[PDB]
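Asker: Sharing coords.cif below, mmCIF, N, CA, C and O atoms:
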data_run
#
loop_
_atom_site.group_PDB
_atom_site.id
_atom_site.type_symbol
_atom_site.label_atom_id
_atom_site.label_comp_id
_atom_site.auth_asym_id
_atom_site.auth_seq_id
_atom_site.Cartn_x
_atom_site.Cartn_y
_atom_site.Cartn_z
ATOM 1 N N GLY X 1 -47.079 64.737 23.333
ATOM 2 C CA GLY X 1 -47.054 65.920 22.443
ATOM 3 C C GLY X 1 -48.438 66.324 21.990
ATOM 4 O O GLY X 1 -49.440 65.874 22.548
ATOM 5 N N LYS X 2 -48.491 67.175 20.974
ATOM 6 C CA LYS X 2 -49.756 67.655 20.434
ATOM 7 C C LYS X 2 -50.503 66.536 19.724
ATOM 8 O O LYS X 2 -51.703 66.365 19.900
ATOM 9 N N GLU X 3 -49.781 65.749 18.954
ATOM 10 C CA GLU X 3 -50.382 64.656 18.218
ATOM 11 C C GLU X 3 -50.506 63.446 19.127
ATOM 12 O O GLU X 3 -49.909 62.398 18.870
ATOM 13 N N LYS X 4 -51.259 63.609 20.212
ATOM 14 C CA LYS X 4 -51.446 62.532 21.173
ATOM 15 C C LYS X 4 -51.958 61.288 20.449
ATOM 16 O O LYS X 4 -51.366 60.215 20.536
ATOM 17 N N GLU X 5 -53.059 61.443 19.743
ATOM 18 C CA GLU X 5 -53.545 60.418 18.854
ATOM 19 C C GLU X 5 -53.310 60.839 17.405
ATOM 20 O O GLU X 5 -52.192 60.791 16.898
ATOM 21 N N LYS X 6 -54.383 61.282 16.759
ATOM 22 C CA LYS X 6 -54.341 61.750 15.388
ATOM 23 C C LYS X 6 -54.368 63.272 15.350
ATOM 24 O O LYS X 6 -54.341 63.864 14.280
ATOM 25 N N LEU X 7 -54.415 63.883 16.531
ATOM 26 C CA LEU X 7 -54.735 65.306 16.676
ATOM 27 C C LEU X 7 -54.013 66.210 15.667
ATOM 28 O O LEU X 7 -54.639 66.779 14.775
ATOM 29 N N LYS X 8 -52.697 66.313 15.810
ATOM 30 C CA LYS X 8 -51.897 67.294 15.069
ATOM 31 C C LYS X 8 -52.160 67.250 13.566
ATOM 32 O O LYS X 8 -52.166 68.289 12.913
ATOM 33 N N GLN X 9 -52.408 66.043 13.064
ATOM 34 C CA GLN X 9 -52.563 65.753 11.627
ATOM 35 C C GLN X 9 -53.210 66.867 10.792
ATOM 36 O O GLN X 9 -52.903 66.986 9.616
ATOM 37 N N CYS X 10 -54.127 67.646 11.359
ATOM 38 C CA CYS X 10 -54.720 68.771 10.628
ATOM 39 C C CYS X 10 -55.690 69.547 11.511
ATOM 40 O O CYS X 10 -56.405 70.431 11.037
ATOM 41 N N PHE X 11 -55.714 69.196 12.788
ATOM 42 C CA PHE X 11 -56.742 69.662 13.726
ATOM 43 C C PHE X 11 -56.958 71.182 13.707
ATOM 44 O O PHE X 11 -56.106 71.955 14.139
ATOM 45 N N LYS X 12 -58.086 71.612 13.151
ATOM 46 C CA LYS X 12 -58.513 72.998 13.310
ATOM 47 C C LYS X 12 -59.657 73.110 14.322
ATOM 48 O O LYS X 12 -59.478 73.647 15.414
ATOM 49 N N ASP X 13 -60.823 72.581 13.960
ATOM 50 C CA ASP X 13 -61.954 72.457 14.890
ATOM 51 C C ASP X 13 -62.250 70.985 15.143
ATOM 52 O O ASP X 13 -62.749 70.587 16.206
ATOM 53 N N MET X 14 -61.931 70.185 14.128
ATOM 54 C CA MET X 14 -62.108 68.745 14.173
ATOM 55 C C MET X 14 -61.488 68.145 15.425
ATOM 56 O O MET X 14 -61.946 67.118 15.896
ATOM 57 N N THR X 15 -60.460 68.799 15.960
ATOM 58 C CA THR X 15 -59.870 68.393 17.233
ATOM 59 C C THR X 15 -60.952 68.015 18.240
ATOM 60 O O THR X 15 -60.950 66.913 18.783
ATOM 61 N N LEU X 16 -61.910 68.904 18.432
ATOM 62 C CA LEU X 16 -62.959 68.683 19.404
ATOM 63 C C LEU X 16 -63.814 67.476 19.024
ATOM 64 O O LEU X 16 -63.813 66.460 19.725
ATOM 65 N N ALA X 17 -64.490 67.551 17.890
ATOM 66 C CA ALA X 17 -65.436 66.496 17.547
ATOM 67 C C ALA X 17 -64.768 65.383 16.767
ATOM 68 O O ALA X 17 -64.661 64.261 17.245
ATOM 69 N N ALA X 18 -64.259 65.712 15.596
ATOM 70 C CA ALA X 18 -63.754 64.710 14.674
ATOM 71 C C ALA X 18 -62.514 63.990 15.202
ATOM 72 O O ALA X 18 -62.194 62.912 14.724
ATOM 73 N N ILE X 19 -61.821 64.561 16.181
ATOM 74 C CA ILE X 19 -60.693 63.868 16.771
ATOM 75 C C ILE X 19 -61.175 62.873 17.808
ATOM 76 O O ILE X 19 -60.631 61.778 17.918
ATOM 77 N N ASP X 20 -62.210 63.250 18.551
ATOM 78 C CA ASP X 20 -62.897 62.318 19.432
ATOM 79 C C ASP X 20 -63.356 61.094 18.635
ATOM 80 O O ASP X 20 -63.356 59.967 19.134
ATOM 81 N N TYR X 21 -63.708 61.324 17.374
ATOM 82 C CA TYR X 21 -64.078 60.242 16.471
ATOM 83 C C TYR X 21 -62.847 59.611 15.818
ATOM 84 O O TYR X 21 -62.845 58.437 15.494
ATOM 85 N N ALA X 22 -61.817 60.396 15.587
ATOM 86 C CA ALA X 22 -60.604 59.898 14.947
ATOM 87 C C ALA X 22 -59.826 58.979 15.871
ATOM 88 O O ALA X 22 -59.293 57.959 15.439
ATOM 89 N N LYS X 23 -59.760 59.350 17.138
ATOM 90 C CA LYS X 23 -59.015 58.583 18.120
ATOM 91 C C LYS X 23 -59.720 57.271 18.438
ATOM 92 O O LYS X 23 -59.093 56.218 18.532
ATOM 93 N N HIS X 24 -61.029 57.347 18.573
ATOM 94 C CA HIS X 24 -61.813 56.224 19.045
ATOM 95 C C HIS X 24 -62.517 55.489 17.896
ATOM 96 O O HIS X 24 -62.542 54.260 17.869
ATOM 97 N N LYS X 25 -63.084 56.229 16.952
ATOM 98 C CA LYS X 25 -63.769 55.616 15.824
ATOM 99 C C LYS X 25 -62.813 55.426 14.634
ATOM 100 O O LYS X 25 -62.001 54.500 14.637
ATOM 101 N N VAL X 26 -62.891 56.309 13.629
ATOM 102 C CA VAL X 26 -62.017 56.226 12.450
ATOM 103 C C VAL X 26 -61.952 57.534 11.674
ATOM 104 O O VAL X 26 -61.543 57.535 10.518
ATOM 105 N N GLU X 27 -62.331 58.649 12.294
ATOM 106 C CA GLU X 27 -62.430 59.924 11.578
ATOM 107 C C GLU X 27 -61.060 60.452 11.126
ATOM 108 O O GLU X 27 -60.955 61.539 10.567
ATOM 109 N N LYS X 28 -60.022 59.657 11.338
ATOM 110 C CA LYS X 28 -58.669 60.001 10.912
ATOM 111 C C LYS X 28 -58.550 59.985 9.393
ATOM 112 O O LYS X 28 -57.600 60.522 8.823
ATOM 113 N N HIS X 29 -59.530 59.372 8.753
ATOM 114 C CA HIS X 29 -59.582 59.295 7.297
ATOM 115 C C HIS X 29 -59.992 60.633 6.675
ATOM 116 O O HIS X 29 -60.103 60.747 5.458
ATOM 117 N N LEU X 30 -60.217 61.638 7.515
ATOM 118 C CA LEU X 30 -60.674 62.939 7.035
ATOM 119 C C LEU X 30 -59.517 63.930 6.922
ATOM 120 O O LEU X 30 -59.594 64.889 6.151
ATOM 121 N N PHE X 31 -58.435 63.702 7.662
ATOM 122 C CA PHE X 31 -57.414 64.718 7.793
ATOM 123 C C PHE X 31 -56.038 64.134 8.013
ATOM 124 O O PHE X 31 -55.880 63.157 8.740
ATOM 125 N N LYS X 32 -55.058 64.789 7.405
ATOM 126 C CA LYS X 32 -53.640 64.434 7.524
ATOM 127 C C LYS X 32 -52.774 65.519 6.898
ATOM 128 O O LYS X 32 -51.600 65.306 6.602
ATOM 129 N N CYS X 33 -53.363 66.687 6.727
ATOM 130 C CA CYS X 33 -52.756 67.770 5.962
ATOM 131 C C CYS X 33 -51.540 68.391 6.658
ATOM 132 O O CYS X 33 -50.580 68.796 6.002
ATOM 133 N N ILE X 34 -51.587 68.465 7.976
ATOM 134 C CA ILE X 34 -50.507 69.054 8.760
ATOM 135 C C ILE X 34 -49.558 67.965 9.249
ATOM 136 O O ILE X 34 -49.973 67.134 10.081
#
Please, can you express the file's structure as structure tokens?

Answerer:
Amino acid sequence: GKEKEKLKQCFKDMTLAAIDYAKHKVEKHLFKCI
């Protein structure tokens, strides 16, 4: 689905950069609004 990793959680632009960090690093601590 869309939320492959943390994606759907709030991804506006962060999908590109911050999701690359959320999936692999820990940038998931930034977003969960959606």

Asker: Which residues come within 12 Å of residue 4 (chain X), counting only C-alpha atoms, excluding same-chain residues fewer than 2 positions away, as a PDB file with N, CA, C and O atoms, in the coordinates of the input?

Answerer:
ATOM      1  N   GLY X   1     -47.079  64.737  23.333  1.00  0.00           N
ATOM      2  CA  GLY X   1     -47.054  65.920  22.443  1.00  0.00           C
ATOM      3  C   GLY X   1     -48.438  66.324  21.990  1.00  0.00           C
ATOM      4  O   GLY X   1     -49.440  65.874  22.548  1.00  0.00           O
ATOM      5  N   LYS X   2     -48.491  67.175  20.974  1.00  0.00           N
ATOM      6  CA  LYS X   2     -49.756  67.655  20.434  1.00  0.00           C
ATOM      7  C   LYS X   2     -50.503  66.536  19.724  1.00  0.00           C
ATOM      8  O   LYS X   2     -51.703  66.365  19.900  1.00  0.00           O
ATOM      9  N   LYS X   6     -54.383  61.282  16.759  1.00  0.00           N
ATOM     10  CA  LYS X   6     -54.341  61.750  15.388  1.00  0.00           C
ATOM     11  C   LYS X   6     -54.368  63.272  15.350  1.00  0.00           C
ATOM     12  O   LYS X   6     -54.341  63.864  14.280  1.00  0.00           O
ATOM     13  N   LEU X   7     -54.415  63.883  16.531  1.00  0.00           N
ATOM     14  CA  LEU X   7     -54.735  65.306  16.676  1.00  0.00           C
ATOM     15  C   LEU X   7     -54.013  66.210  15.667  1.00  0.00           C
ATOM     16  O   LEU X   7     -54.639  66.779  14.775  1.00  0.00           O
ATOM     17  N   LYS X   8     -52.697  66.313  15.810  1.00  0.00           N
ATOM     18  CA  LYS X   8     -51.897  67.294  15.069  1.00  0.00           C
ATOM     19  C   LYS X   8     -52.160  67.250  13.566  1.00  0.00           C
ATOM     20  O   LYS X   8     -52.166  68.289  12.913  1.00  0.00           O
ATOM     21  N   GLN X   9     -52.408  66.043  13.064  1.00  0.00           N
ATOM     22  CA  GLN X   9     -52.563  65.753  11.627  1.00  0.00           C
ATOM     23  C   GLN X   9     -53.210  66.867  10.792  1.00  0.00           C
ATOM     24  O   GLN X   9     -52.903  66.986   9.616  1.00  0.00           O
ATOM     25  N   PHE X  11     -55.714  69.196  12.788  1.00  0.00           N
ATOM     26  CA  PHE X  11     -56.742  69.662  13.726  1.00  0.00           C
ATOM     27  C   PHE X  11     -56.958  71.182  13.707  1.00  0.00           C
ATOM     28  O   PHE X  11     -56.106  71.955  14.139  1.00  0.00           O
ATOM     29  N   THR X  15     -60.460  68.799  15.960  1.00  0.00           N
ATOM     30  CA  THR X  15     -59.870  68.393  17.233  1.00  0.00           C
ATOM     31  C   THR X  15     -60.952  68.015  18.240  1.00  0.00           C
ATOM     32  O   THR X  15     -60.950  66.913  18.783  1.00  0.00           O
ATOM     33  N   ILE X  19     -61.821  64.561  16.181  1.00  0.00           N
ATOM     34  CA  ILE X  19     -60.693  63.868  16.771  1.00  0.00           C
ATOM     35  C   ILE X  19     -61.175  62.873  17.808  1.00  0.00           C
ATOM     36  O   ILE X  19     -60.631  61.778  17.918  1.00  0.00           O
ATOM     37  N   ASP X  20     -62.210  63.250  18.551  1.00  0.00           N
ATOM     38  CA  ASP X  20     -62.897  62.318  19.432  1.00  0.00           C
ATOM     39  C   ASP X  20     -63.356  61.094  18.635  1.00  0.00           C
ATOM     40  O   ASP X  20     -63.356  59.967  19.134  1.00  0.00           O
ATOM     41  N   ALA X  22     -61.817  60.396  15.587  1.00  0.00           N
ATOM     42  CA  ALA X  22     -60.604  59.898  14.947  1.00  0.00           C
ATOM     43  C   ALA X  22     -59.826  58.979  15.871  1.00  0.00           C
ATOM     44  O   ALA X  22     -59.293  57.959  15.439  1.00  0.00           O
ATOM     45  N   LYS X  23     -59.760  59.350  17.138  1.00  0.00           N
ATOM     46  CA  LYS X  23     -59.015  58.583  18.120  1.00  0.00           C
ATOM     47  C   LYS X  23     -59.720  57.271  18.438  1.00  0.00           C
ATOM     48  O   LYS X  23     -59.093  56.218  18.532  1.00  0.00           O
TER      49      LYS X  23
END

Asker: What does the structure give for the distance between atom N of residue 24 (chain X) and atom C of residue 10 (chain X), in Å to one decimal?

Answerer: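 That distance, rounded to one decimal, is 15.1 Å.
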
Asker: Write down as a ChimeraX atom specification the residues of chain X whose backbone DSSP state falls under alpha helix (DSSP H).

Answerer: /X:17-24
